[PDB]
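Two separate entries follow, structure 1 and structure 2, each one form of the same protein chain as C-alpha cells.
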Structure 1
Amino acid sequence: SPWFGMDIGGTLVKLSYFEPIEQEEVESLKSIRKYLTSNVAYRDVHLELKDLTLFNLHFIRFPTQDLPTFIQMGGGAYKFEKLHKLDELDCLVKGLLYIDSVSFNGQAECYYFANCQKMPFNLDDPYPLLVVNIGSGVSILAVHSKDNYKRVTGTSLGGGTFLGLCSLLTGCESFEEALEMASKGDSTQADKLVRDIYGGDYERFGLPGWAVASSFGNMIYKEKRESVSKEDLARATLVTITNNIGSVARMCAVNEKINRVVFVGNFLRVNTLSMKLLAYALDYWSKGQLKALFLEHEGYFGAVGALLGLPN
C-alpha cells in the first residue's frame, strides 16, 4: 500500500515513494530509514513534491548493496534477485511525462540556460519531444505521444566513454574526481582549434577560429603532450563527448522535425557543468535554433516510471 518504484542500476538504486496524507507505521519505517541514511553520512529532499493528488513524492538514492536490508525494515535488478522487470526507457518516458505534467510544486520541472543563468520552460504540451539519455552510452528517443515513442539512434560516446578515458588518462578513482578535474582543466591545450591551422577564422566555409578542428589534435605533438595537465584532458575528454552528443542530437532534431531537445541520464546528476557544455554545444550545431532543456528530477524518472506500473 505504500506505493513506490525502484530504479536499480549496477551501483545504485533510485527510488520514489508516495507519502499519503498507519501513521505510526509509516513513522517507524521512516525512523529506521533515518538510521541507515545517517549511517551513509560517514538535493534529494529538495525535490520533494507536496499537496499533489495521484488518482507527497519523496526521492532517494542508495547503494544497491543497502537494498536487501529494507525487506526486514533496470539493468541492476536482474542480478539482484540473488518482482517483475520493466524497460528502463519505458519507465523513463512514463515517469518523465508525469512529473512534467504535474509541475514542481507550482514551479517548473523543465528549464534551460539563458545567454548564463538558469530559467524555466513551460513544457506542458510536450509532444513531440527529443529525449537524449546519457548513461554509459546515449540513446535518443523521439517521443510523439504518451503511448508512442521509439529509439531513433544513439552514440557509443557517453558517460562510460568519458570516465573510461579519464581514468586511463588521469588515474582518477571516481567520476566526481574527473568532473572537478575537468572543472579545472582547459581543453585547448589538448585539442587543436581552427585557428591552430589557419591562424584565425576559416571564413570560406564559415568556420570560426575558436571551433575545435581536431579533438586532441595538439596531443600528437610530444611537446604539448608533456605540457598538458591531468585536468585539461579531463576537461578535454568531456568537451569532445558533449560536442559530439550535441551534434548527433541536432542532426536528429532536424531529421525527426522536433524542436525540443531535453537531456537526461544518470550522467547529468552530479554536476551542472555537464549540462552547460551540452547547452553550448546544441546552441552551436543548431546555431541557436535549438535550446537545451533539462529537468529538476533528472535521474528519478525511471524510478517513478516504475511506480506507475503498479498492479492493483
Structure 2
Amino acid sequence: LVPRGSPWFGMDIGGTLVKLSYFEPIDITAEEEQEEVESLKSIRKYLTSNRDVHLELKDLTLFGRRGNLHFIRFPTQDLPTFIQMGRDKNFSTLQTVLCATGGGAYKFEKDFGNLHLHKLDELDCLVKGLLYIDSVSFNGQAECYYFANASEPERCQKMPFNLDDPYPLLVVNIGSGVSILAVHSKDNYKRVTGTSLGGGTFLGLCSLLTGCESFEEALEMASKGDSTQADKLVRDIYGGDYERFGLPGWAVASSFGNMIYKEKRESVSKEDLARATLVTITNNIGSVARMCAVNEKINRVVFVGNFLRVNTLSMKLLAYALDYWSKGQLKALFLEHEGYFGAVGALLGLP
C-alpha cells in the first residue's frame, strides 16, 4: 500500500490558501529522482515567495522509504502554477488525477484546462494526519504541548506534553463552528458533539459590534480589551463571591450582562467588546469540551482548527477555560503541526 506516482504530496485547498505537505526522499539512486527533488525545492522557493520550514520532519520513514516531510502554504490563486510545474517537471502524480481535501477544492476544480479531482473529507484527513504526525514525533521532541499555570494567562508558559500513546483522545476542532471527535483508535472515531459558537461567531459578532474587517484585527482588538467592562461578574451581583455555591467574585455571571445598562453601553470600548466576545466563546468551548471529556471518559483533550492559527491568545484562553471547568484536572493540549493535518491526511490517502 505504497502510492503509485511520485513525488508524494497531500493538499488541503482552502478558499484563500493551499496547505501542501510533500515528501523528499533521501535515498536517491536515479538521475530522474534527483531532479524531482531539485524541482520540488525550486517549486517550494517560488510558491512561498511573497516558520513552515521549521516544521520540516527530518529522516522519517514513510511507506517504507526514508525522507523529509515538508510543509508549505501558498495562495489558491497560484495552484494552477503548481499543477503546470508538475506537468512540466513530469510528475506522475500531477497527471492522472488530483486527490485533495479542503473547502476550496470543488471550486478550484471548476476554476481550473483538464483536471479530475478526487475529494477527501477534511475531518477524516484531520484525524489520520494528526495521528501520524503524533506517531513520528517532532524530530525527537514534543509534537504536543500545554500551558503550565493555565489559570494565569499573562503568566502561563508553554510546556511539552507526552502524547506518545494518543488513544483515547478528544479532538476539539474550532473553525467557524466547533466539532468534537472522540478518537479510540486509528480506525475508530466519531463526532460526538459540537457547538455552533466557534471562531465564526467570534468574528461575526466582532464585525457587527466593532466594525473590524478580519480575524486578525478582531484578535488584536481583543488582545487590548477588558471583557469585564462588558461582562457582569459574580462580584457585581453579590458584592464578592457567591459563598453558598462557592462561585468566586471574579467568575463571569452573565456574558455581556452589563450591556443591559445604557450607561455601561455608552462607555464600553470596541476593544472591550472584542475581548468579551472572545472570552464568552472560549469559556463556553472549555465548558462543552470538559463535559464531553467527562461523558466520554477521556482525559486528553486536544484543540485544533483555524481559530488557533493567529494569536496564541486564543489558545491561552482555551487553556484557562479548560483548567477552570475541570478544576485543574484537565490541561488543554495543542499540536505544533496544527494547520497541516489535512494535507498530511491527504498524502497518506494517496495509495
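Structure 1 provides the reference sequence; residues are numbered from 1 along it. Rigid core (definition): largest C-alpha set, two forms, superposition within 1.5 Å.
inquiry  = If I align on the rigid core, exactly one of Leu273, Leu29, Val248, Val254 should have its C-alpha move by 2 Å or more between structure 1 and structure 2; which residue is that?
reply    = So the only displaced C-alpha belongs to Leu29.
request  = Answer yes if the CA of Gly10 moves 2 Å or more between structure 1 and structure 2 after aligning the rigid core, and no otherwise.
outcome  = Yes; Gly10 is a residue whose C-alpha shifts (by 2 Å or more) between structure 1 and structure 2 when the cores are overlaid.
ask   = Where the rigid core has been superposed, how far does the Cα of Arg61 end up moving between structure 1 and structure 2, given in Å?
value = Core-aligned C-alpha shift comes out at 1.8 Å.
ask   = How many angstrom apart are the two C-alpha positions of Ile99 between structure 1 and structure 2, if you fit on the rigid core?
value = So the C-alpha of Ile99 has moved 0.5 Å between structure 1 and structure 2.
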